[PDB]
Amino acid sequence: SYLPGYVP
Amino acid sequence: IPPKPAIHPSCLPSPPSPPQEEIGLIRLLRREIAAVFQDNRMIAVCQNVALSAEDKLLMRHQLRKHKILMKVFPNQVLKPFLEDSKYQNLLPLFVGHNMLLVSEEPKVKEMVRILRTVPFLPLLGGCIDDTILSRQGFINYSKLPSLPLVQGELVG
Amino acid sequence: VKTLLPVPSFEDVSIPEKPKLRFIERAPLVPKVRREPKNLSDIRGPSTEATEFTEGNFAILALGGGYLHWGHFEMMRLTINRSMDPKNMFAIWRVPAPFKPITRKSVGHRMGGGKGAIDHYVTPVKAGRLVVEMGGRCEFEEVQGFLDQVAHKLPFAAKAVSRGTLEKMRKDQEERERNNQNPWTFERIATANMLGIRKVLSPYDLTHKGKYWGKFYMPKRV
Amino acid sequence: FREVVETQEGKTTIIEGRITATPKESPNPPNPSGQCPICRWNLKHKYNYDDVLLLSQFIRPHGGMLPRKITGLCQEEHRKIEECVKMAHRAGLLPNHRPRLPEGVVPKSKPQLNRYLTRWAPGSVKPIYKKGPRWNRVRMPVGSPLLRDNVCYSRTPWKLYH
Amino acid sequence: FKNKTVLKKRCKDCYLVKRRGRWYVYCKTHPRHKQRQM
Amino acid sequence: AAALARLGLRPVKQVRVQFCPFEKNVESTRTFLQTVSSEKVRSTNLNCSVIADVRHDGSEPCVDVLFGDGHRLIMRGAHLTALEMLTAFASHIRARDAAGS
Amino acid sequence: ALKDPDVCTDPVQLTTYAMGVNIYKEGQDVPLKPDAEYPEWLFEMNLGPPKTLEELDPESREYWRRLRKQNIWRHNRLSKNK
Amino acid sequence: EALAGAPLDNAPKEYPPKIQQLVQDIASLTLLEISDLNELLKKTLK
Amino acid sequence: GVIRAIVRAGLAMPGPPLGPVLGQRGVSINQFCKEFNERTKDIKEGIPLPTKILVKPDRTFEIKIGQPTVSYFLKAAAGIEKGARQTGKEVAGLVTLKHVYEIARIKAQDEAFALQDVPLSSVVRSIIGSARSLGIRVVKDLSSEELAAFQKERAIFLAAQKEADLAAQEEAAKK
RNA sequence: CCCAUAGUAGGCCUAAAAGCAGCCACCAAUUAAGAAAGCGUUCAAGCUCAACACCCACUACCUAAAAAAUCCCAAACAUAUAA
Ligand code: FES
Ligand SMILES: [K+]
Ligand SMILES: [K+]
Ligand SMILES: [Mg+2]
Ligand SMILES: [Mg+2]
Ligand SMILES: [Mg+2]
Ligand SMILES: [Mg+2]
Ligand SMILES: [Mg+2]
Ligand SMILES: [Mg+2]
Ligand SMILES: [Mg+2]
Ligand SMILES: [Mg+2]
Ligand SMILES: [Zn+2]
């Protein structure tokens, strides 16, 4: 459930 | 103003390191190792504890009176040779400083009494006549009577 | 099985009969009488002589301009002749002996009254010149120690080099000029007199291109 | 994680090692091609001393940093986290990761001084009695130069010297 | 100690350590190798 | 061996190391034996014995240390490193030596 | 005052018998045997200088001993100046 | 192609399977056949 | 500890060089010369014998004796009384491979080579390297015809060295 | 980090010169270890380095300081989108 441009 | 790449090269997968031809000495040890397991039938793996250089030469000299050699090979060269071989179950023994006690004829009884003088020298395992054994198996094969008599046991 | 490697062989190298550095005299054979001007432009800018290796492979590179007097030559000579192996090494001078006369007036005198009398002699040095050249059956790591020790005592910025490090040094600077992302350079601006900048520059800056300021050399400048 | 325990019974001492439940990395990283946990999650140049949830994953129970061969970090990011943890302890953001006090020690009451962005250790800093002239002023360092390439959302860049 | 601008170890038992904001050289074998950064 | 030789096996009476070589958790125990069986450590106390009993019963490895005072130290090395085992071993040497004197 | 015992000088005697071999006083000199009785590997030995690295076989212990010996020599030269 | 690992010291004797066939084969044969085999065996072993 | 030095057979002296060594240990110096001289009695006097002295915590010694040095065997086998001053540039002596084989058949009986259980081939290859250090040259075939010619030319060289050597001594006096 | 046996105290010089005052050679035992790179000994002993084994120390080799005399010297600030 994380896209390539996901940043915590 | 130095150029700045959009992505740091360290963050990117580094190309695989180029192969390197094996050293000549390596492909020599393999040829000697193969001879060891093929030529002589009794092979005992022991741990090369840090005996003094004199107490380690005196013991090796005693092992020669009975025609028992003390070979030493690197574990990185002796593990792969075992990973693809008959003696693939001897692998876990080779963890640390080890050595090989080999003889064309099995003189186990003659070696054990030489290893009892040093209680801190453990006989980990071996492979006699293409049969793998532990230490307690060496203690029995030693107590087992000679082969000619066993040949006669059935005849008798 | 620690992998061993071949080693270079210096058997093909020859050693001269006098490997050590010859002695340098304080003043030239015949003393000079005609007094000379200061002519400070003999240590300004890059060198046009003794910038390449001739016989040896290691040397001391000058990274700045300056004058060498006898005291400097003795320090180089003794330090090198003591720390080097005459059998497998040899050294030579890449700089001439002190020839430029330096006048000096007597203590306590006021301005005027003509020109002073010759006191001592020096050897002018420009940036990019080799001062001492060494060679023989030796690697660079052996001589690099005491050559840098000598280089630190010289009146200008110096550094020990080899045929390889010198070449690499020069190729790295060319790489910087090519990959420089700054569209504005000292050369382009000066040569075109952009902003009227030649009113604060010098005619020599057309050739030095900002890498030199007086006797000082700036290698990080492109 | 592994633990060690000592049990003494009948004047005999026994030492054992027991495995414990170990945390697992969250699945589906954004950048599986990343080399260390930082680029794999697109966190490079995007954390500061105050991001303790990130910093706590790389320290020990007593406030010490973990090795680089264990965490898998790059030397560039391991040094940043090592410095951001130093400044978090000094700001009071890790109160449950305090040093182990030996039996029979009661820390004395010391002046509580609130601070943040503390590069140097307080006790090893001397006062600036002579500020100096305007062109040679003795500045006071604030922050860390290791975090200079961090993402700035303002037009004025990070000032590191006051 | 001895104040030095260029610290340098003089034996195998000398060890560098950063304390009180500056670098030191300590040696238990030969206490004369002790140096302080200036 | 160097760190453990400066201390010396003075209070120790006997040391016994048992492990199963074929098992895959005996690297720690076999490394502990490599130092204690060194000529530097063994020389400090000739009276102190060092025994290695190999087994193939599929059992875990242990290090049993007998002291002169009568106290015993046991380290189960399956989940202990050589350094951890050696460190604990040294600490007891120092404590027991002080108690005797 | 202490010296090595006197050695005889007689070509015929030296070639016939080995003088130093016998050390006991009651014993007698050792006479040399003919060629056939000596072993076969005794007349193929390297009387000359050592075999260079290029002459040896990479897959031989005597090749890597020479190469390891040359790197020990290098480590010593580099360390001497230090 | 890979020799079997050593049996545990406390485990019950697990005899090799290749010999289990030999043990059964001997019982099937007749004593007169076993005797003839034996005369050749004793001489062959010498 | 253990002390190992080269001692002449039957010529042990209570004084130096070995005397002061035993003094520091506290071992009886006279007993050593007594036992040693009586143990090396069968051996010809003046032969250097490697000796290894084992010292007990009660200042008690049990000497150990080895076979003569290789330099003795080689010199004697060649007739040479003194090795070369310079090696590779001049040949002091001349021996055969047959001597080297009779010298290894007796030098391989010592503690060092025996405890290694090596063949006689490995000992002969170690004695050819010691002969070179002496200047001696190992030749396969050596007849008395050419051993008397080289021995005759060697004295000519030796005589010249005296003149040059003596010339330096006389010059030293003038200094 | 770890570890170190042997021809042999190589030869010559030297009162002595033993891996290490000097000159020559710099070969060879053992799986592996320089006729010795640095300390040390009156000479010796003795401590390290290069060796094997073990297995990842799996580094940087681009710079090293500062003090004067009436009283330091704007105050302050690391994070809201370049005007
Ligand atoms: S951040 Fe990409 S490698 Fe560490
Ligand atoms: K300078
Ligand atoms: K000497
Ligand atoms: Mg060798
Ligand atoms: Mg030697
Ligand atoms: Mg000598
Ligand atoms: Mg010498
Ligand atoms: Mg020594
Ligand atoms: Mg000396
Ligand atoms: Mg030399
Ligand atoms: Mg080493
Ligand atoms: Zn020190």
Side-chain angles (χ1 to χ4, degrees), chain B residues 29 32 48 50 52-54 56-57 60 70-76 95-99, chain C residues 1-2, chain D residues 48 50 69 75 116-117 128-134 137 141-144 147 150-162, chain E residues 3-7 11-12 22-23 37-38, chain F residues 1-2 31 34 38, chain G residues 46 49-50 61 65 68-69 71-82, chain I residues 1 3-6 16-18 20-21 24 48 50 69-71 82-90 92 107 110-113 115-118 122-123 125-136:
Chain B
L29 297 170
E32 182 63 14
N48 202 357
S52 64
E54 173 180 339
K56 186 182 301 185
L57 185 73
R60 180 161 160 175
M70 198 186 93
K71 301 305 180 182
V72 168
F73 304 103
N75 281 359
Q76 68 168 26
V95 164
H97 303 274
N98 289 2
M99 60 180 177
Chain C
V1 181
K2 174 190 318 183
Chain D
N48 210 2
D50 61 8
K69 300 199 180 191
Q75 185 172 355
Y116 58 102
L117 292 167
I128 301 171
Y129 293 118
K130 297 170 179 180
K131 298 171 189 169
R134 297 186 180 187
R137 189 78 71 199
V142 169
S144 178
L147 300 176
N150 269 13
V151 172
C152 183
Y153 296 108
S154 66
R155 300 287 157 175
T156 302
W158 306 109
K159 185 180 292 190
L160 300 184
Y161 301 92
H162 293 178
Chain E
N3 283 19
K4 294 290 184 183
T5 296
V6 177
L7 300 179
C11 74
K12 60 173 184 181
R22 70 176 68 185
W23 281 97
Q37 191 190 31
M38 187 175 189
Chain F
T31 300
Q34 193 68 15
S38 179
Chain G
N46 182 9
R61 281 201 166 284
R65 291 175 198 167
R68 181 185 292 110
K69 180 182 181 181
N71 288 283
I72 294 179
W73 280 343
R74 180 174 183 171
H75 192 276
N76 291 5
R77 297 194 302 264
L78 307 183
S79 299
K80 180 175 184 59
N81 189 32
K82 295 178 181 179
Chain I
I3 306 175
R4 57 176 183 181
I6 291 173
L18 179 63
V21 192
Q24 294 177 335
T69 59
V70 176
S71 76
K82 203 159 193 171
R85 301 164 68 101
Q86 293 193 357
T87 300
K89 309 185 179 184
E90 73 198 25
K107 184 63 179 180
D110 73 339
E111 182 178 2
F113 279 118
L115 291 179
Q116 276 185 347
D117 283 308
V118 294
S122 298
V123 179
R125 185 170 49 252
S126 175
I127 295 180
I128 294 181
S130 295
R132 289 171 49 175
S133 178
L134 299 170
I136 302 182

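Every chain is numbered from 1 and lettered A, B, ... according to where its sequence line falls, protein lines coming before strand lines. Because only heavy atoms are used, hydrogens play no part in the values below, and waters and symmetry mates are left out as well, while side chains stay in.
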Based on the glycosidic angle (syn within 90° of 0, else anti), state the conformation of J/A78. syn
Mind checking who J/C2 pairs with, Watson-Crick or G-U wobble, both distances under 3.5 Å? none
For a quick check, tell me whether the side chain of D/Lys131 and the base of J/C73 share a donor-acceptor pair closer than 3.5 Å. no
Base, sugar-phosphate, or nothing: which does G/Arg61 touch, judged by heavy atoms less than 4.0 Å apart? sugar-phosphate
Check the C1'-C2'-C3'-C4' sign on J/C55 and let me know if the sugar comes out north or south. south
For J/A29, does the base pair up with any side-chain atom of I/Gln116 as donor and acceptor (N or O, under 3.5 Å, distance only)? yes
Between the base of J/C77 and the side chain of D/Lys159, is there any donor-acceptor pair under 3.5 Å? yes
Any donor-acceptor pair under 3.5 Å joining the side chain of I/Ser133 to the base of J/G11? no
Mind checking G/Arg74 for me? I need base, sugar-phosphate or nothing, with any heavy atom below 4.0 Å counting as a touch. nothing
I/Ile136 CD1 to J/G7 P: how many Å, rounded? 19 Å
Quiz question: going by heavy-atom distance under 3.5 Å, is there a donor-acceptor pair between the base of J/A78 and the side chain of D/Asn48? yes
Please tell me if the side chains of D/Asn48 and D/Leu147 come closer than 4.5 Å, counting only heavy atoms from C-beta onward. yes
Should J/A35 be called syn or anti, with syn set as within 90° of 0? syn
Tell me, yes or no, whether the heavy-atom count around E/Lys4 atom NZ, taken from other residues, nucleotides or ligands under 6.0 Å, exceeds 12. no
Scan G/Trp73 against the nucleic acid and name what it touches under 4.0 Å (heavy atoms): base, sugar-phosphate only, or nothing. sugar-phosphate
Just read off the sign of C1'-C2'-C3'-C4' for J/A9 and name the pucker, north if positive, south if negative. south
Give B/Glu32 one of three labels, base, sugar-phosphate or nothing, depending on what nucleic acid heavy atoms sit under 4.0 Å from its own. nothing
Heavy atoms under 4.0 Å, any strand shown: does I/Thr69 hit a base, just sugar-phosphate, or nothing? sugar-phosphate
Just read off the sign of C1'-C2'-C3'-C4' for J/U63 and name the pucker, north if positive, south if negative. north
Ring-on-base stacking J/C54 with B/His97 (under 5.5 Å, under 30°): no
What pucker do you get for J/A75 when you go by the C1'-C2'-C3'-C4' torsion? north
